[PDB]
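All remarks here apply to the structure that follows.
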Amino acid sequence: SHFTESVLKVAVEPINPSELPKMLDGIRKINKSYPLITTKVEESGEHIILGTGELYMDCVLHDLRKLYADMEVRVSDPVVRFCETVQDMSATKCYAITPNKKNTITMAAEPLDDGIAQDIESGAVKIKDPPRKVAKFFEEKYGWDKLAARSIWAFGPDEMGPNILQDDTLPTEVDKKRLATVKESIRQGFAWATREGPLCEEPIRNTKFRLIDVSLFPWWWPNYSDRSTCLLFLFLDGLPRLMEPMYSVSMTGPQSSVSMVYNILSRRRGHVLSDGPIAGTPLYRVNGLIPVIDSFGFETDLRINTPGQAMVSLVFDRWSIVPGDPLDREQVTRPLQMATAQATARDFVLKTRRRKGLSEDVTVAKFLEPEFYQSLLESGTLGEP
Amino acid sequence: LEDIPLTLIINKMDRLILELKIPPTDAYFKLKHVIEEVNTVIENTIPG
Amino acid sequence: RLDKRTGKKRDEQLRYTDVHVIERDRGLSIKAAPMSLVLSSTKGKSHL
Amino acid sequence: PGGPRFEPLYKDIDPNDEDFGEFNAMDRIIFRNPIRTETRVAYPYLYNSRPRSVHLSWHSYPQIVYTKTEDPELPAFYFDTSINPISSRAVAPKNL
Amino acid sequence: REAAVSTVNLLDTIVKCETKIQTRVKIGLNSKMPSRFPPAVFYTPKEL
Amino acid sequence: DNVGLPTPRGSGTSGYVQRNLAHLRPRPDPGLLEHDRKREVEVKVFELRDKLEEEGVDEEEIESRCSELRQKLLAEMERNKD
Amino acid sequence: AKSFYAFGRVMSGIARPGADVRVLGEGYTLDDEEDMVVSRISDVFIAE
């Protein structure tokens, strides 16, 4: 178990395509040597390397070019990987129907409160633990409902996952043994859906799902696409935002450097939490926050642009909501230009879907039954296509 | 948090003597400041 | 061998456990480097 | 800024031979505060697609916390005015 | 006219060719020394 | 940044770069309420069941009390709907 | 850097060169046999 997440993303590709397999073997050697690194391949064909910061990826790419692959590699600009989140509760309780029209599943979605995601990341709750311990934990800590604390089925996308799946269904309308079989099915499908996510094909956090009644469960289910489709649609329908990682800037140097770091963090979408002397020394420490996507070249631009000498340590701190509406189809940015205050989320989601070889902006009809899509269009819960 | 036993090594005392050039009593105060900072973050990791 | 060094390498810190070329050129450790040693306590008893 | 200029080491790359095939899409990469040249020099293997025969510079040094004495009557050891003071409440063992 | 002003490569070529003409005059005299040749040598009208 | 003239040696320019300071800088659902009421009724039933279990009551008596409480909650919801 | 040395802690037993062993991956379980590779420890070193 490690400390911080590999938030920095670099798309690598070979200069000479004939040495494409050789690169992969080098990447495999990279995967052995650096523990927190994360290599992957998308459906767009370009390879993705996830690492901690600038120096980490610099050493990794040196070793990829020099130690292991022994060949030149084109390296894209360092970009960040995002997550998605839910702001408000569901307005529509939505359902999925099988292709054989046997099983129908209706449910709703909601966000979380503070501390649940950090606790499920830190191991305060385990799903392998007995349900009485989990129930009394949620009763003692956050004051949840006793039925709700005893009905939390799962965490996703993994055992320590930051998403919650729970049934609100009554035993009077749902047969419980079939509910257990489809409970295993929905658990694995929900894990797959939170592993994927609809907004950017990125993993999602700070979301809970509750299965609502009237849902019927006939026998047998060899299909998984319909439940995942409805999970993705309620992810879209829960008024979703996306969140970017934030580094915690820690600067150590005298007071002129403090004025400079205040200026730079003001310019780079950051803010200073605390400023204080280091006792017994003439150094001064400034602690603040910066986005990871705005931290590229920040340490160099601070060490260069000071009268005195300043030292920076950028460590991963948290996830936080980006300004702007990702679903705002109106707000269109211009190329060669930085994102504005309200266009930032839309720019990130647009260029992220473009980068991964995906389609254009999200189509509602892709994630719905056509009859339910027409019904929700007539109800007024959806915007214009 | 992993409950690995922990020991402290205060380093670079020549900086107390030759860089900062603080008198010996202030060197004691600096040493105690570092030790209490370490114990403060140990206490804040697990309260009580 | 260290007392035979001349020039600016006479001032170089040894850094026995920095062996990657990244570590020698950037001047910081990037890999956890293990060693095994025999060290003597004050009672004269050697420990591994 | 303030450094010497030499001939191009590898003048065998032009932007126009490599057409906008699949990877260099400017409608794909996200634009923030521009990357100045010192960033490419400081971390040469991350910001350059072909960093050939570059030298890794020393990353950083521990800061010298030394201040010269402008008063040639003070003792060698003293609490300098530029040094921030240490309080008894700056020690403050909270849980003992 | 317009397209000469807009085209960058044409301006670079014009500067290099004017430099070559002035260099031919300089090599004619004996020397390529810039201080020896103000703009008033070349760009003075032929009446003067 | 890096604009122009990889080496000034060829062209007779001696090419200092400039920022070109004339460049222009940029300028409701009722079903949700029904589910909440059902959740409140189920919370009351679970609290009654926990109180019966803490007092040492029998499982059959607890089930009968839970059924009676569910019937009473349904009657109250039907009576206090308006 | 063609190959890799595996550094770890002998928790039990004695590790000898040329030993027929089983390597258990990140998620081996008693029912999932596929996450295991038969191999031989060919060389044993003390890392300095």
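Lettering and numbering for the structure tokens are positional, with chains as A, B, ... in the shown order, residues counted from 1 in each chain, and ligands counted from 1 in the shown order.
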
Contact set, chain C to chain A: 9 Å, only C-alpha atoms, as a compact mmCIF listing (two decimals) with N, CA and C atoms, in the first residue's frame:
# COMPACT_ATOMS: atom_id res chain seq x y z
N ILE C 22 21.19 8.34 -12.67
CA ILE C 22 20.31 9.41 -12.23
C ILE C 22 20.74 9.92 -10.87
N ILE C 30 17.19 7.95 -5.68
CA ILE C 30 15.90 7.61 -6.26
C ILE C 30 15.52 6.15 -6.04
N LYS C 31 16.43 5.31 -5.59
CA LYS C 31 16.15 3.90 -5.34
C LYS C 31 16.51 3.55 -3.90

Exercise for review: Could the residues of chain D within 7 Å of chain F, counting only C-alpha atoms, be given as number ranges by chain, please?
Suggested key: D: 7-8, 36-37

Counting only C-alpha atoms, what are the residues of chain B within 9 Å of chain A, and for each of them which pair of atoms is the nearest and at what distance in Å, to one decimal? Sort the table by chain and rising number, as a tab-separated table.
residue	atom	partner	partner_atom	distance
B:20	CA	A:281	CA	7.3
B:22	CA	A:280	CA	8.7
B:26	CA	A:280	CA	8.1
B:27	CA	A:280	CA	8.8
B:29	CA	A:280	CA	8.4
B:30	CA	A:280	CA	6.2
B:33	CA	A:279	CA	8.0

Practice item. Output the contact residues of chain D with respect to chain A at a cut-off of 12 Å, based on only C-alpha atoms, as an NGL selection string. Key: :D and (1 or 18 or 22-56 or 59-67 or 79-91)

Exercise for review: Step one, run DSSP on the backbone; step two, keep only residues of chain C assigned to strand (DSSP E); then write them as a list in words.
Suggested key: residues 39, 40, 46 and 47 of chain C

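Distance-wise, CA of residue 39 in chain G and CA of residue 20 in chain C end up 28.2 Å apart.
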
Show me, as a tab-separated table, the residues of chain F having an atom within 12 Å of chain E, each with the closest atom pair and its distance in Å, using only C-alpha atoms.
residue	atom	partner	partner_atom	distance
F:4	CA	E:8	CA	11.1
F:5	CA	E:12	CA	10.5
F:8	CA	E:16	CA	11.4
F:9	CA	E:16	CA	11.2
F:10	CA	E:16	CA	8.3
F:11	CA	E:16	CA	5.5
F:12	CA	E:16	CA	5.8
F:13	CA	E:15	CA	7.5
F:14	CA	E:15	CA	11.3
F:15	CA	E:12	CA	11.3

Practice item. Find the spatial neighbours of residue 20 in chain G, counting only C-alpha atoms, within a cut-off of 8 Å - ignore same-chain residues fewer than 5 positions away - and output them as number ranges by chain. Key: G: 38-41

**Study point:** One-decimal distance in Å that lies between CA of residue 359 in chain A and CA of residue 373 in chain A
**Key:**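 Taking CA of residue 373 in chain A and CA of residue 359 in chain A, their separation equals 19.6 Å.
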
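One distance worth recording is that between CA of residue 125 in chain A and CA of residue 41 in chain B, which is 24.4 Å.
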
Can I get the residues of chain G within 10 Å of chain C, each with the closest pair of atoms and their distance in Å to one decimal, using only C-alpha atoms, sorted chain first then ascending number, as CSV?
residue,atom,partner,partner_atom,distance
G:7,CA,C:34,CA,8.8
G:46,CA,C:36,CA,7.3
G:47,CA,C:35,CA,5.7
G:48,CA,C:35,CA,4.3

I need the residues from that last selection saved to file as an mmCIF file, in the first residue's frame (with N, CA, C and O atoms), if you can.
data_model
loop_
_atom_site.group_PDB
_atom_site.id
_atom_site.type_symbol
_atom_site.label_atom_id
_atom_site.label_comp_id
_atom_site.auth_asym_id
_atom_site.auth_seq_id
_atom_site.Cartn_x
_atom_site.Cartn_y
_atom_site.Cartn_z
ATOM 1 N N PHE G 7 14.890 -8.492 -4.739
ATOM 2 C CA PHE G 7 15.302 -8.229 -3.370
ATOM 3 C C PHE G 7 14.116 -8.414 -2.443
ATOM 4 O O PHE G 7 13.039 -7.845 -2.681
ATOM 5 N N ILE G 46 24.027 -11.364 -1.266
ATOM 6 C CA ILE G 46 23.830 -10.341 -0.252
ATOM 7 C C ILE G 46 24.039 -9.005 -0.938
ATOM 8 O O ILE G 46 25.092 -8.774 -1.549
ATOM 9 N N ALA G 47 23.041 -8.135 -0.853
ATOM 10 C CA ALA G 47 23.047 -6.877 -1.583
ATOM 11 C C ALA G 47 23.840 -5.844 -0.799
ATOM 12 O O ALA G 47 23.497 -5.526 0.343
ATOM 13 N N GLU G 48 24.902 -5.327 -1.410
ATOM 14 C CA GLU G 48 25.685 -4.245 -0.833
ATOM 15 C C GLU G 48 25.675 -3.014 -1.728
ATOM 16 O O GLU G 48 26.601 -2.201 -1.662
#

Practice item. Identify every residue of chain G that has at least one atom within 9 Å of any atom of chain A, counting only C-alpha atoms, and report the result as a list in words. Key: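 Residues satisfying the distance criterion: residues 1, 2, 3 and 4 of chain G.
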
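Within the 12 Å cut-off around residue 47 in chain B, using only C-alpha atoms and omitting residues fewer than 4 positions from it on the same chain, the listed residues are residues 1, 39, 40, 41, 42 and 43 of chain B; 94 and 95 of chain D.
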
**Study point:** Residues flagged helix (DSSP H, G or I) by DSSP in chain F, as a PyMOL selection string
**Key:** chain F and resi 30-54+59-79

Review point. Which neighbours of residue 100 in chain A fall inside 12 Å, counting only C-alpha atoms, when residues of the same chain fewer than 3 positions from it are skipped, and could you give them as a ChimeraX atom specification?
Key: /A:96-97,103-104,218-223,226

Review point. Which neighbours of residue 150 in chain A fall inside 10 Å, counting only C-alpha atoms, when residues of the same chain fewer than 4 positions from it are skipped, and could you give them as a PyMOL selection string?
Key: chain A and resi 131-136+138-139+144-146+166-167

How would the residues just chosen look if you wrote them out with C-alpha atoms as a PDB file, in the first residue's frame?
ATOM      1  CA  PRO A 131     -22.310  -6.384   8.451  1.00  0.00           C
ATOM      2  CA  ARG A 132     -23.070  -5.691  12.126  1.00  0.00           C
ATOM      3  CA  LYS A 133     -19.686  -3.985  12.543  1.00  0.00           C
ATOM      4  CA  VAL A 134     -20.241  -1.904   9.389  1.00  0.00           C
ATOM      5  CA  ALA A 135     -23.755  -0.978  10.526  1.00  0.00           C
ATOM      6  CA  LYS A 136     -22.616   0.094  13.994  1.00  0.00           C
ATOM      7  CA  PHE A 138     -22.075   4.022  10.218  1.00  0.00           C
ATOM      8  CA  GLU A 139     -24.440   4.507  13.160  1.00  0.00           C
ATOM      9  CA  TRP A 144     -27.036   6.921   9.122  1.00  0.00           C
ATOM     10  CA  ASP A 145     -30.246   4.904   8.909  1.00  0.00           C
ATOM     11  CA  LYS A 146     -30.107   1.508  10.614  1.00  0.00           C
ATOM     12  CA  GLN A 166     -27.027  -0.279  -1.465  1.00  0.00           C
ATOM     13  CA  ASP A 167     -30.607  -1.507  -1.853  1.00  0.00           C
TER      14      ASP A 167
END
